[PDB]
Amino acid sequence: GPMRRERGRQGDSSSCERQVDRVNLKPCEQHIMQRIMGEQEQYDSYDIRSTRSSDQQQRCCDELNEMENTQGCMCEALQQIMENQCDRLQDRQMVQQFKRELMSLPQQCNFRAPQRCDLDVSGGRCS
């Protein structure tokens, strides 16, 4: 079987991954990375009667709930966020707390459903 033969693989022109490019959740990752800041928050406290900018972040998950109509591909969505701004995660332990908060992000929407979401065959450097 010479290499001249066609690869024999077709149908890979499309993949849920392409749906990840539609993610673009800079405000969501900022709601998780900023929260773990600890020192970045706890300032300019506002009365509950007044609205808080953080309350606008919640809309994020709410959007992935019925806005972007995400699905089991959420993993590729959350993984994209970290990869969207994790190049500095190894710099500190932010990967920890961020992981705890990042674990709640997928809860505010309740994407849970599939027995397993992450695959051991594939993974990222940040984790």
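A few points about this structure:
- Residues whose placed amide H lies under 5 Å from that of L25, excluding near-sequence neighbours: none
- A crude spin-label estimate for the pair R59 and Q19, with each label 7 Å from Cα along the Cβ direction, gives 2.4 nm.
- The packing ranking, built from the mean of other Cβ atoms within 10 Å per residue, places the peptides 22-30, 84-92 in the order 22-30, 84-92, highest first.
- Estimated from helical segments only, the mean residue ellipticity of the chain at 222 nm is -12500 deg cm²/dmol, where each DSSP H run of four or more residues counts as -39500 (n - 2.57).
- Computed magnitude of the charge dipole of the chain (debye, nearest 20; Cβ of K, R +1, Cβ of D, E -1): 540 debye
- When you work out D = kT/(6 pi eta Rh) for the range 15-127 at 20 °C and 1.002 mPa s, using the Kirkwood radius from C-alpha pairs as Rh and the Stokes-Einstein form, the result is 141 µm²/s.
- A full extension of the chain between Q30 and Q42 corresponds to an added length of 2.7 nm, given 0.36 nm per residue minus the alpha carbon distance.
- Nearest 10 degrees, 0 to 90: helix 53-66 Cα axis against the chain principal axis: 30 degrees
- Couplings 3J(HN,Hα) for the range 3-9, derived from phi with the Karplus relation 6.51 cos²θ - 1.76 cosθ + 1.60 (θ = phi - 60°), are 4, 3, 4, 4, 3, x, 10 Hz, where x marks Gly and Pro.
Don't worry about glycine lacking a Cβ; one is built from the backbone with ideal geometry, like all the others, and counts go over all protein chains shown. Any read-out appearing in this document is the output of simple, stated calculations on the displayed coordinates, not a laboratory observation.
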